[PDB]
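Only one chain is given next, in structure tokens, and it is the form deposited in one PDB entry.
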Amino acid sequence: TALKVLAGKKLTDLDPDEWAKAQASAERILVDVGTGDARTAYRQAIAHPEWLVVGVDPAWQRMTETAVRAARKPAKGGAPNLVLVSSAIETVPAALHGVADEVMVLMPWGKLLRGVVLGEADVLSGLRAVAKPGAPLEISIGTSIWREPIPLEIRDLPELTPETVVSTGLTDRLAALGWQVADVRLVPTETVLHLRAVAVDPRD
């Protein structure tokens, strides 16, 4: 019920009332699903102190170094608006339901990457669950991963292009789970596939 949040190197139960207070005080709430070492989320947190930047990742021990520098005083690189949550997107806590003004999936790997490419329901629904209505979903995937050697988790999958996003039915599956595709574009450095969706009612 309380979020399992990082406090430096240790894991912590975040006080449900403090969690609500932080959201209210924030002008915008941004959720980074799949953070890695979460230093991208940290840079965002430092760049936008009025934003509540929530980093979500199951591998919480890789975020610890960032969590340490974030826990410091403001004069030494502290980011009190950064919240690193230990969780998978497939099984998100109820405290994370509908909290996001924006959901980002930047350079995913493993199940998150494969889930996004294939359009797995458990992943897409988990992404949808944390978003407020009208919230944008940003997915960024570097297309260099389909060069050899190709990572195992997308090894059997054809390269994701704007045309394949449609032809594979990924767009349909996003639509059936509450995500309305707004834009898809290749951006070259390495080409980066950008997908933009908006949180809506699940149709088909």
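Don't overthink the numbering: it's just position in the shown sequence, from 1.
Asks: Neighbours in the displayed sequence, residue 188 and residue 189 may still hide a gap; how many deposited residues lack coordinates there, none, 1 to 3, 4 to 9, or 10 or more?
Replies: Unresolved stretch here: 10 or more residues.
Asks: Quick one: higher average CA temperature factor, 95-103 or 69-77?
Replies: Taking the mean C-alpha B-factor of 69-77 and of 95-103, the larger value falls to 69-77.
Asks: Averaging only over Cα atoms, indicate whether 59-67 or 139-147 has the higher B-factor in the PDB entry.
Replies: In the deposited entry, the stretch with the higher C-alpha B-factor mean is 59-67.
Asks: Please pick out which of 36, 49, 162, 178 has the largest Cα B-factor as recorded in the entry.
Replies: Answer, based on the entry's C-alpha B-factors: 36.
Asks: Based on the deposited C-alpha B factors for this chain, I'd like to know if residue 3 is in the lowest, middle or highest third.
Replies: Highest third.
Asks: Grab the CA temperature factor for residue 53 from the record and place it in the lowest, middle or highest third of its chain.
Replies: As the PDB entry reports it, the C-alpha B-factor of residue 53 lands in the lowest third of its chain.
Asks: Sorting by Cα B-factor within the chain, modelled residues only, which third would residue 154 end up in: lowest, middle or highest?
Replies: Answer is highest: the recorded C-alpha B-factor places it there.
Asks: Rank-wise, by C-alpha B-factor, drop residue 22 into the lowest, middle or highest third of its chain.
Replies: For residue 22, whose C-alpha B-factor we compare with every modelled residue in the chain, the answer is the middle third.
Asks: Split into thirds by Cα B-factor across the chain's modelled residues, where does residue 117 land: lowest, middle or highest?
Replies: Within its chain, residue 117 is a middle-third residue by C-alpha B-factor, going by the deposited values.
As for the form solved in complex with a small molecule, it is not shown, yet the points below apply to it.
Asks: Run the contact test on 119, 171 and 180 with a 4.5 Å heavy atom cut-off to the small molecule in the entry with it bound and return yes or no.
Replies: Zero of three within 4.5 Å in the entry with it bound.
Asks: Within 4.5 angstroms, counting heavy atoms, which one of the listed stretches 172-180, 66-74, 32-40, 154-162 is next to the small molecule in the entry with it bound?
Replies: Flagged stretch: 32-40.
Asks: Applying a 4.5 Å heavy atom distance criterion, does residue 126 contact the small molecule in the entry with it bound?
Replies: Taking the distances in the entry with it bound, the answer for residue 126 is no, it never comes within 4.5 Å of the small molecule.
Asks: Evaluate residue 58 for contact with the small molecule in the entry with it bound, applying a 4.5 angstroms cut-off between non-hydrogen atoms, and reply yes or no.
Replies: Judged by the heavy-atom cut-off of 4.5 Å, residue 58 is in contact with the small molecule in the entry with it bound.
Asks: Answer yes if any heavy atom of residue 101 is within 4.5 Å of a heavy atom of the small molecule in the entry with it bound; otherwise answer no.
Replies: No, no contact at 4.5 Å.
Asks: Is there a heavy atom of residue 87 lying 4.5 Å or less from a heavy atom of the small molecule in the entry with it bound?
Replies: Residue 87: contacts the small molecule in the entry with it bound.
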